[PDB]
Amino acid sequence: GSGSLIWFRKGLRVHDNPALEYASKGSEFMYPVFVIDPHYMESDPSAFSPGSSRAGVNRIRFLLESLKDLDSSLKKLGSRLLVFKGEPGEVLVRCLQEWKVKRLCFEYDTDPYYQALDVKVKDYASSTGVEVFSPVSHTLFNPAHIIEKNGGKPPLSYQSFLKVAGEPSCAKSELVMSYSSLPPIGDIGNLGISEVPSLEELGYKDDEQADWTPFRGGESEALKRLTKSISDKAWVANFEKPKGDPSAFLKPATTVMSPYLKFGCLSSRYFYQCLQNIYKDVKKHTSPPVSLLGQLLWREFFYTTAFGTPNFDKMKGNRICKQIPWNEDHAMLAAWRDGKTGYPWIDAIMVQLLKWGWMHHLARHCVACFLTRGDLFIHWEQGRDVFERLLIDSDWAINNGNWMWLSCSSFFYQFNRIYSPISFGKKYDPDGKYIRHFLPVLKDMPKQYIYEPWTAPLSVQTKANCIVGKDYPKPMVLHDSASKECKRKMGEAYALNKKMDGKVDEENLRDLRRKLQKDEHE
């Protein structure tokens, strides 16, 4: 008889799943599918840290966990999760041509990877008589609608986006959070049926599995943590993003729902709905941009902008990105990536990236600034790539948008507002608790130098059992001069961008790069 297939990619959850719902109705049997793409999941010995070439082992373990939770939640309703390994496009059509499937459902998505897959699968299904339901539930708004309504392009600013965006449909909507039951799986036919694969099966040695980010994945954890994240009504009511403490690691200054919203473990519509409820239950609460709900709106802003901008994930070809002659220097990038820059604050943060796969927004700010238009002047696409595989909440739209923001390549252009690798952390942690924790090599350094070990008298060092240049590196660069040179180049780069009416050529750029080379080398 007529069967259905619920294809899972990002909505790794049972609650608020418009796609899963439809797949359960009018079907005597249902096929829940998820494909492990070797290219993204399997071990890559060439990578700079355990994982594939696109994902650190941390985000991978998170996904695998989300998958187990999901299957489990399905095995509860009498269903199950069928996991195949291979190129999704191939796997999917081979599933269609193998099963009596008349209806194919999967949550919509705007990432390039998925836009590409969905054209193929859609065309195959359409040409083979399979119905296709691809509802928008990963975001509160439909990028295409916003862009269409706004004329022909995406609103140029948060403020402008909210005006146009209006309010999400899920507002007065009633979401489906549970199901009494779910259609039985149905003939598995002849396909390599598989259970969620272990890190080992993905090719990872045990030493590559020693560390553990402190955040389990899955819808279960998701919902549980949301409950904890917003239990304090006053806190959520008085929420102001800029006022959070970036050094607070024992108790993160924000929700950390980031990874669950990225893999769809948590519906953002439900979250948005909860916030709404507790907002009306008080009377006085913060509003965007700084509000907690205002944060779900930043996600919306970048997604819409990302979906409407070709070459969004790169400078060249990007309508909205300022053309800047960034340097390239695997040695400098490496020093920053592994957290060996010399500035304890920056290094401590980069280590939290590697160990937690998450850092407070402001921390992400500092290291992104230091790496680009703040001190090193390395291409933002480079910090972007490092972040993309290390963050357990790595999100295409969000990550690219933010790196362009922190590099003053787009959205924000007050490049003379530079974070200080030395003094910023003090504003919150003068004792340097955060640093000591993630950089135990400086465990004993006296607070008078914790943010600048290179200024600690040689005697203090040896006693603190930390010698700059041996145990802990010395400043890879001197902030003052560095940031002053960045502010300089940044100036002439903007000058060129303005002179060429936002259309700098491959030529001009090259000539600027040369020009700056002279004025800053001889």
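Start at 1 with the first residue shown and count on from there.
Chemist: What stretch has the higher average Cα B-factor here, 118-126 or 384-392?
Modeler: For C-alpha atoms only, the mean B-factor is higher in 118-126.
Chemist: So 186-194 or 229-237, which one's hotter by mean CA B-factor in the entry?
Modeler: Comparing averages over the C-alpha atoms only gives 186-194.
Chemist: Specify which of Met350, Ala171, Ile422, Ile320 carries the largest Cα B factor in the deposited PDB entry.
Modeler: Highest CA B-factor of the listed options: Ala171.
Chemist: Choose from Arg54, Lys484, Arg59, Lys68 the residue with the greatest Cα B-factor as stated in the PDB record.
Modeler: Answer for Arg54, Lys484, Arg59, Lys68: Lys484, with the highest C-alpha B-factor.
Chemist: Per the entry's values, where does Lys284 land by CA temperature factor relative to the rest of its chain, in the lowest, middle or highest third?
Modeler: Top third by C-alpha B-factor.
Chemist: Place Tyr204 in the lowest, middle or highest third of its chain's C-alpha B-factors, as listed in the PDB entry.
Modeler: As the PDB entry reports it, the C-alpha B-factor of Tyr204 lands in the lowest third of its chain.
Chemist: Ordered by C-alpha B-factor within the chain, which third holds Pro38? Give me lowest, middle or highest, please.
Modeler: Within its chain, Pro38 is a middle-third residue by C-alpha B-factor, going by the deposited values.
Chemist: When the deposited Cα B-factors of this chain's modelled residues are ordered and cut into thirds, is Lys163 in the lowest, the middle or the highest one?
Modeler: Ranked within chain, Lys163 CA B lands in the highest tercile.
Chemist: Tell me, lowest, middle or highest third: where does the Cα B factor of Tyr449 rank within its chain?
Modeler: Highest third of the chain for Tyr449's C-alpha B-factor.
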